[PDB]
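Below you'll find the structure, written out as C-alpha cells, and then a few comments.
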Amino acid sequence: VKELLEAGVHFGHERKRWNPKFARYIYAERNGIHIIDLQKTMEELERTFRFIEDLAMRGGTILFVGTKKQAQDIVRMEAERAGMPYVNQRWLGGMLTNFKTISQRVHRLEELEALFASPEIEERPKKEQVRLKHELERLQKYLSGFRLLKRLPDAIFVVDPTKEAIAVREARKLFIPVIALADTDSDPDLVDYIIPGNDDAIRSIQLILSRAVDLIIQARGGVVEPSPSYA
Amino acid sequence: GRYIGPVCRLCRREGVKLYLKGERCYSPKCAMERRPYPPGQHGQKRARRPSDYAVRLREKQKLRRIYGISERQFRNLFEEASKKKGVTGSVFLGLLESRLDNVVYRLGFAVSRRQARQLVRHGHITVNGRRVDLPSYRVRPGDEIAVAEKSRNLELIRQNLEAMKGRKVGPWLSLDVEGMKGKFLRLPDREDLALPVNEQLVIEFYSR
Amino acid sequence: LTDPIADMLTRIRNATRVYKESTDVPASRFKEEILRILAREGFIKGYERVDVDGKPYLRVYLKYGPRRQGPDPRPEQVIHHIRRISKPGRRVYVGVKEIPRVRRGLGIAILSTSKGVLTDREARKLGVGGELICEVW
Amino acid sequence: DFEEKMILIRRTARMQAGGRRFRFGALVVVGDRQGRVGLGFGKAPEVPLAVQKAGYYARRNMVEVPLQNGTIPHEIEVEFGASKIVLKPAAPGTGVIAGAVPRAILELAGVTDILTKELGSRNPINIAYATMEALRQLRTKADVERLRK
RNA sequence: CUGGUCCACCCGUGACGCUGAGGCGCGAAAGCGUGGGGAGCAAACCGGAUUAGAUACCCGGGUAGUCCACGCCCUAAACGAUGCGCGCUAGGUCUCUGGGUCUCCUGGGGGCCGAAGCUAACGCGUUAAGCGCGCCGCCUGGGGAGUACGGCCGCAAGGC
RNA sequence: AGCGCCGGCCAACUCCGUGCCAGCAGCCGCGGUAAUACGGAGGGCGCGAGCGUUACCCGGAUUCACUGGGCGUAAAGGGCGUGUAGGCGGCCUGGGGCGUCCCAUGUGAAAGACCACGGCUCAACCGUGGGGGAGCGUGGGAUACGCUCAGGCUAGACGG
Ligand code: SF4
Ligand SMILES: [Mg+2]
Ligand SMILES: [Mg+2]
Ligand SMILES: [Mg+2]
Ligand SMILES: [Mg+2]
Ligand SMILES: [Mg+2]
Ligand SMILES: [Mg+2]
Ligand SMILES: [Mg+2]
Ligand SMILES: [Mg+2]
Ligand SMILES: [Mg+2]
Ligand SMILES: [Mg+2]
Ligand SMILES: [Mg+2]
Ligand SMILES: [Mg+2]
Ligand SMILES: [Mg+2]
Ligand SMILES: [Mg+2]
Ligand SMILES: [Mg+2]
Ligand SMILES: [Mg+2]
Ligand SMILES: [Mg+2]
Ligand SMILES: [Mg+2]
Ligand SMILES: [Mg+2]
Ligand SMILES: [Mg+2]
Ligand SMILES: [Mg+2]
Ligand SMILES: [Mg+2]
Ligand SMILES: [Mg+2]
Ligand SMILES: [Mg+2]
Ligand SMILES: [Mg+2]
Ligand SMILES: [Mg+2]
Ligand SMILES: [Mg+2]
Ligand SMILES: [Mg+2]
Ligand SMILES: [Mg+2]
Ligand SMILES: [Mg+2]
Ligand SMILES: [Mg+2]
Ligand SMILES: [Mg+2]
Ligand SMILES: [Mg+2]
Ligand SMILES: [Mg+2]
Ligand SMILES: [Mg+2]
Ligand SMILES: [Mg+2]
Ligand SMILES: [Mg+2]
Ligand SMILES: [Mg+2]
Ligand SMILES: [Mg+2]
Ligand SMILES: [Mg+2]
Ligand SMILES: [Mg+2]
Ligand SMILES: [Mg+2]
Ligand SMILES: [Mg+2]
Ligand SMILES: [Mg+2]
Ligand SMILES: [Mg+2]
Ligand SMILES: [Mg+2]
Ligand SMILES: [Mg+2]
Ligand SMILES: [Mg+2]
Ligand SMILES: [Mg+2]
Ligand SMILES: [Mg+2]
Ligand SMILES: [Mg+2]
Ligand SMILES: [Mg+2]
Ligand SMILES: [Mg+2]
Ligand SMILES: [Mg+2]
Ligand SMILES: [Mg+2]
Ligand SMILES: [Mg+2]
Ligand SMILES: [Mg+2]
Ligand SMILES: [Mg+2]
Ligand SMILES: [Mg+2]
Ligand SMILES: [Mg+2]
Ligand SMILES: [Mg+2]
Ligand SMILES: [Mg+2]
Ligand SMILES: [Mg+2]
Ligand SMILES: [Mg+2]
Ligand SMILES: [Mg+2]
C-alpha cells in the first residue's frame, strides 16, 4: 500500500512541547522537532489498515472527525468518496453520548428541507421566514455530515486526538474503537489504532486519508481512481 | 408460662396462616380468610414501608409463634444451634422440630401444638415405654413415641388417630395407627418442613 | 539507607505503578533469593545481573495484564500489593503454626528460615518457621 | 429484569432571592440476586422522578461479582474518600452481617454469607461507592492463575 | 581576621554513618542595668481640630527609646503555620552559579505549570503534602487557660 | 397475670383534657387554644412470674489506633544549631549459635472453658473419658535473618 512514499510528504512535527508517552515512536531531534520513526509508522499502518479493511468488509460505518483549518476540505471529500459520515466544522459536545437528543436536530433539518420547496407553502410571514432560514443555515452548517449517521458508529477516524480530546473521550466511554493520526504532542494510550504521522501538514493528511478511503472502497467491490489532490 | 390469649390475631398480624387452632384453620371461617389485615383500630390503613429491623423481628416472631415457645427458650435453642457444627439455620430448625410436643403433633395424636402440649403435660404420652410429661423433652433418632397403654381408649385420641388413617406423616417419621405408636427416624430436613420462614432473617436478627 | 529489602520492594512498586518494563536495584544475595521466589510464583517475568557504572545491579522485568477497554485502558496489575512485614525497628518472627494465609491462598508470604527463603506454603510443607519478610498479592 | 432496592432518599436545598428551593436525591441499587449488581444516584425536582432516574443510572453500571457458595473469594479492604469498607468471606450459615447500605448492595448481588465492617466516615453515599469498588476488585483463583501463569 | 558551601580531577582512608530524651551555644523587636551619644523620628505627655463624647484616627509640639560598649532578658503569624537523613516515581518553562565535546550535555541552588499518585476540599506534585525505611517532637471536643498551685530561672518586666 | 413501651433512634396510633401551665426528657428536643412527645381512655408492640429503674464493668469507641489513628489550613513539627545516653544501620567470606525456628522430654494441680458419652422423667446440675493450652526447665538439631568475632570491598561518609 504505502511503500516508502511517506518520507516525501512528511516525517513528523512538533518541538520540545511533546508528550513523553510518544517516545516509543520518535527517532531523533534534529532541528529541535521530533522525527517520527517511519518503520514504526509502517508497522502500525499495517495493523490499522487491516482493522479498517476488516470493519469495512462487515458493513460497519466509520465516523471521520477532523475540524482543524488544515483538514476542513480533505476530510469532507475523503469521507464523501466512501459515502461515510463525517464531522468537519465543530464537534458538538454529546454528539455520541447524547446521540438521540442531537440526532433529534437532523429530523428538524430534513423537515426544513421539505418546507422551503416550491410546491407546498410560501405564505409564511417574512420575519418567520428569515428565522427558519437562519435555523436551516445553522443546521446545514453543523449537521451536513452527521446526517448520514443512523446509529452509533463502529469506529471514529480522528485526524488529531489532542485537538479532538472530547470526541475521543466520548468514543472511549461508549467502547467505540478510535483510529487517530497523531504527532508527537499526543497521548497514544487513548488511541486504539495509532498511525504515528504528521497531522498538521496538508499532504500527510491527504495521503493517509485518501489511501485509507481507497482501501474502504476496495472493501466493497469497486475501484474509483481519481481523488481531489490540491497542491 | 406460655401465651394463653386470642390466637387468630397472631395470624392477622403476621399476615399469614399459622395453623394454631387445628380443624378451624382449614374451615372457611378461618380469620385469615375473612379479615386478612392486622388487628386493632388501624389494621385497614395503608401500611408504611417496614424497616430492616421490623422485617427481621416479624420473621423471628412468626417462627417463634408457630411453635408456641417462649423467647428465653427460643434464644437458648438458637445459641445452642449456633454452637453446634453444621449450618446453623438447619440445625436450629432440627432442634425446634425435635421437641416432644411438636413430635406428637406431627405424629397425629393431636390436632394442634397447644393440644399436643396439654397431652404431653397431662401424662398421656410415653417415650420408649416410660412416661414423659415434659413438652421440652428433645427426641433423639430411634426414640419410640406412643400413647400410654391406659390412654388408648380415650375419645380424643381415638378420633385423632381415626382422622389420620388417611393422612401420611413426613419422611422423617413413621406411624402405626393400629399400634397407636410413632417412631422418630432422623432429624427433619429443611426441605421437609413447609415453613413460611426465611431462617437467614432469624440468624441476622440474632446477630444484632 | 536503612532497609535494603524494603527499598527494593518500593522500587518494584514504584516502577510497576507507572507500567515500566524493567527496574534496577543494587545487588545482594538476599535480594536475589527474594527475586527468585517472586519469579517462581509468577509475579515477575524474571531478573538478571548487570553492571551499572561498574557496580553490580539486578534488573527486574515486570509483567502486566492485557489492555483494557473504556475510559481507562491501562492494564491491570499482576502485583496488586506488596508490603514489608519485618522491619529494622520491629522484627517479626512466627512459628510454623503462626504462618499467615495471605488473600485466602491467592497471595504469598515470604519467610527467612533456617532452611532458606521459602514461601509460606513451602515453609508449612517443611514444617518450619522464621522471620516474615513480606506479603505479595 | 432486576430487583430494585431504594437505599437513600434525601432533600437538599439551594438559596435564591425569595428563599430556599429544594431538590431530591435518590440512591438506588439494582440486582438479580445471581451475580449482577449496580448502583445509581439520581437527582430530580420530584421524588418519583429521582427514584426512576436513579434506577436508570443503576442499570447502566453493573459489576459481575464473582460469587462462590454464596460468599466472596477473599477478604478485601477498600477506601473511598475517608470511608473504609472491610469484607470477609464466611461459612455457609453465617448470614449477612453488615450495615444497611452494604447489606442491601451485597444481598442484591447474591451474597448470602459475609462479614463486613465500616471504618472511618460512615456517609451512606461514600460507603456505597466503596462497596461497589470492593466488589469490582474481587478476583478468583482462576483469574490470578490466568494472570501469573 | 574568619565560617559555611559548590564544581573538576577520581588521588587517599575504609562504614569511620543517621537521628537524638537531657546538656551546651545562638536567638527579630520591644524591655532592663551601668557609662556614652542624641540630627531625624517618636510610646507616655501637652495643645489644636473632629465629634453627641473623641482618653483615637488628622495637625503642632514633646520625654524615654531608636544609635554605641559591656552585661541581662529568651519571646513572636521565631510561618513554607510543612522536623531531619536516605532511596525511588513523566515532563515543560524562567532564572542564579559551575564543568564540558560551549548547537547541546552534565552538577548545585531559586520560582512557575503540570504525569502517576495523594487530599475532606483547597491544593501538593523530583524543592511532595506521592511511594518507603530510621530516629526525634507533638495531638486526643470547646471554654475555664497557657490560668492557678508547686518547682526552676530573672534586677525587674516576666519566662519555662 | 403482670410490667414496660407506642415522635426519631426503635416494634407499636387515634380521641379527649390542658394551653411555655401542669408536666416529659438518654440525646435531638416536646408543651405558649386543633400535642401520634404532657395526663387519661380505646387500640397496639415487646417480654411474661416477671417487667422496669438506679449504680458499676466491657462493647459499640479504629474515640490511646500492637492488630488498628494522626500533626500545611480541622487538635497536633520543638525558634535554630551542636551534641550525651539510647534507637537504627552498606557489599562479600568463614567461625560461634545469644535472639529466631524445629524435635523429644518434664511442668503447666483439681474445679472452670471445649468435645464425646452417661445419671437425675427433660433442663439447670452432676459423673466419666479425651483433647487442648501461653510461659518456664532439660537434652538434641538448623544457620536464611538479627547479634557477635575475624578477614576483605568501595557505591555511604570523610580527606587531598
Ligand atoms: S383459623 Fe386461621 S387465623 Fe385462626 S389460628 Fe387458625 S390459621 Fe390462624
Ligand atoms: Mg466522560
Ligand atoms: Mg528493632
Ligand atoms: Mg467519605
Ligand atoms: Mg484517610
Ligand atoms: Mg468518625
Ligand atoms: Mg554557614
Ligand atoms: Mg581512589
Ligand atoms: Mg585496602
Ligand atoms: Mg545511615
Ligand atoms: Mg533519646
Ligand atoms: Mg534577642
Ligand atoms: Mg524582625
Ligand atoms: Mg533592641
Ligand atoms: Mg538602654
Ligand atoms: Mg489630641
Ligand atoms: Mg459637636
Ligand atoms: Mg504627632
Ligand atoms: Mg516632630
Ligand atoms: Mg527625645
Ligand atoms: Mg521565620
Ligand atoms: Mg507549626
Ligand atoms: Mg507536618
Ligand atoms: Mg527533630
Ligand atoms: Mg531546579
Ligand atoms: Mg525546575
Ligand atoms: Mg508551581
Ligand atoms: Mg503543582
Ligand atoms: Mg514544582
Ligand atoms: Mg496531611
Ligand atoms: Mg477523645
Ligand atoms: Mg506560666
Ligand atoms: Mg508560681
Ligand atoms: Mg531574681
Ligand atoms: Mg507566657
Ligand atoms: Mg416505627
Ligand atoms: Mg414530652
Ligand atoms: Mg412517660
Ligand atoms: Mg388537644
Ligand atoms: Mg416517648
Ligand atoms: Mg396520650
Ligand atoms: Mg458483642
Ligand atoms: Mg459509633
Ligand atoms: Mg478500643
Ligand atoms: Mg470499632
Ligand atoms: Mg498504630
Ligand atoms: Mg483521627
Ligand atoms: Mg494541619
Ligand atoms: Mg493536611
Ligand atoms: Mg485557626
Ligand atoms: Mg483533635
Ligand atoms: Mg492548628
Ligand atoms: Mg520549624
Ligand atoms: Mg508551632
Ligand atoms: Mg530562630
Ligand atoms: Mg549533647
Ligand atoms: Mg548529631
Ligand atoms: Mg538539644
Ligand atoms: Mg552514638
Ligand atoms: Mg540459640
Ligand atoms: Mg488442668
Ligand atoms: Mg440423657
Ligand atoms: Mg474431666
Ligand atoms: Mg534446652
Ligand atoms: Mg547485619
Ligand atoms: Mg568489617
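Per chain, numbering begins at 1; letters A, B, ... match sequence-line order.
- A donor-acceptor contact under 3.5 Å is formed by the side chain of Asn14(C) with the base of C131(E).
- The phosphate of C45(F) (OP1 or OP2) has a side-chain N or O of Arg13(B) nearer than 4.0 angstrom.
- The side chain of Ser112(C) contributes no N or O atom lying less than 4.0 Å from OP1 or OP2 of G146(F).
- Toward the 5' end of RNA chain F, the nearer of the two residues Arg72(B) and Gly116(C), judged by each one's closest nucleotide, is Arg72(B).
- Here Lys60(B) reaches the OP1 or OP2 of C47(F): one of its side-chain N or O atoms lies under 4.0 Å away.
- The side chain of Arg9(B) places an N or O atom within less than 4.0 Å of a non-bridging phosphate oxygen (OP1 or OP2) of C45(F).
- The phosphate of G46(F) (OP1 or OP2) has a side-chain N or O of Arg65(B) nearer than 4.0 angstrom.
- In this structure, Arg74(C) reaches the sugar-phosphate backbone alone: every heavy-atom distance under 4.0 Å involves primed, P, OP1 or OP2 atoms, never a base.
- Heavy-atom distances to RNA chain E give each of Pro88(C) and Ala82(D) a nearest nucleotide, and the one nearer the 5′ end belongs to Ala82(D).
- As rounded to whole Å, 13 Å separates atom P of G132(E) from atom CG of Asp7(C).
- Contact check, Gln61(B) against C47(F): a side-chain N or O comes under 4.0 Å of OP1 or OP2.
- Rounding to whole angstrom units, CD1 of residue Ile79(C) and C1' of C88(E) are separated by 15 Å.
- Rounded to whole Å, atom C1' of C115(F) lies 14 Å from atom CD of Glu80(B).
- Between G83(F) and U143(F), the two key atom distances do not both fall under 3.5 Å in a Watson-Crick or G-U wobble layout, so no such pair is counted.
- Within the nucleic acid shown, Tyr3(B) comes within 4.0 Å of at least one base atom, counting heavy atoms only.
- Among the nucleotides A115(E), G133(F), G132(E), the one closest to the side chain of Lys21(A) is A115(E).
- Pairing between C27(F) and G14(E): absent (Watson-Crick or G-U wobble, both distances under 3.5 Å).
- Residue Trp18(A) places at least one side-chain N or O closer than 4.0 Å to OP1 or OP2 of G92(E).
- Residue contacts shown for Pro135(B) are absent, as no nucleic acid heavy atom lies under 4.0 Å away.
- Taken together, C80(F) and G25(E) qualify as a Watson-Crick or G-U wobble pair under the 3.5 Å criterion applied to both distances.
- Between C26(E) and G79(F) there is a Watson-Crick or G-U wobble pairing whose two distances both come in under 3.5 Å.
- In this model, the phosphate group of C10(F) is not approached by any side-chain N or O of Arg56(B) to a distance below 4.0 Å at OP1 or OP2.
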